[PDB]
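A single chain comes next, written as structure tokens; it is the form deposited in one PDB entry.
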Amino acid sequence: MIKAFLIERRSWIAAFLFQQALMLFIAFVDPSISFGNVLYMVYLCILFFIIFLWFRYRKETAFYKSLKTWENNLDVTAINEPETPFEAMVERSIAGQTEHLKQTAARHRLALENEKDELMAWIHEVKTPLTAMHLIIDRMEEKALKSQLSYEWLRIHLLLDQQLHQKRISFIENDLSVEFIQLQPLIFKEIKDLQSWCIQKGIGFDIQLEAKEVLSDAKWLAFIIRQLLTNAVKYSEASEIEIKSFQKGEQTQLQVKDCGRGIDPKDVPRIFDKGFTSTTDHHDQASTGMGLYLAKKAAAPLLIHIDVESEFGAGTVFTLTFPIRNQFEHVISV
């Protein structure tokens, strides 16, 4: 910063040099003043001025280098504390702009909180009507039209549950609760929830649970089981779903099998991708293609591995590998 400092202060230096130049020049018009002595004076002034300039340089060219230090890389606190009054105001302005940015960030956070609160308000104001509609629907007599109405109600109820679980996958971290789960009551509850779809599509359930106890999150395990059963029912017609749970080693596994169309091998690794919809059938457009992705995302913290084995024209096999009991102590204690 030699050149920058010199350009910054090129008036005071000119003042002093003009002083000494005038002192030398008044030596040629006055016979009462010699030349060597005046040269000596100018020599003892040049030396002093040079030393003073160097010291003032090395003191003063620090803050404006700290400013360039802070500009882009890192170290928000790089700027040195002001010592002269002039730098104090620059520091105050920068700090004021920074705190203004922080206040804007806080206001944006408040706006996001308000929007999310209105989102849950709408969620509850929509979730009450579904219960009211179910209560009203459970009063009718005819077969076909009532079955269609129940199918529509179950479709909307499942869609709203998927949306609520998608909203809750952000806060699953603070809502996890691991305990012993009995597979048979959960499977019966899922079957009862999906009764209308199975009745309309003529799909039965084969319950063979060798293992009856599992260790995971009951709510999310029920979510995954319900999603798998819904997918199997939708993608299969006039087929029986075989649900088998067996203990392999020290880890429990649950298998759901359907005799539906199956998944093409080229799209099997991409079934769990977010928003994925198969182009094989036009009816897949109605499917949101979000249940598998949410189930995989929620199963990862639960130490459950999801495997898919699908052959076209044969069916699809889904297996969930429950974690060992000892692996949850590290989660409860920490």
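Here the rigid core means the biggest group of C-alpha atoms that line up within 1.5 Å when the two forms are laid on top of each other. All residue numbers refer to positions in the sequence shown, first residue = 1.
The same protein has a further form, the form deposited in another entry, not shown here; the description that follows concerns it.
message = If I superpose the two forms on their rigid core, does the C-alpha of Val38 end up displaced by 2 Å or more between this form and the one not shown?
response = Comparing forms between this form and the one not shown, the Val38 CA shifts at least 2 Å.
message = On a rigid core superposition, would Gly202 pass a 2 Å threshold for CA movement between this form and the one not shown?
response = Superposed on the core, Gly202 moves its C-alpha less than 2 Å between this form and the one not shown.
Residue shift check between this form and the one not shown, rigid core fit, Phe272 Cα at least 2 Å = After core superposition, the C-alpha of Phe272 moves less than 2 Å between this form and the one not shown.
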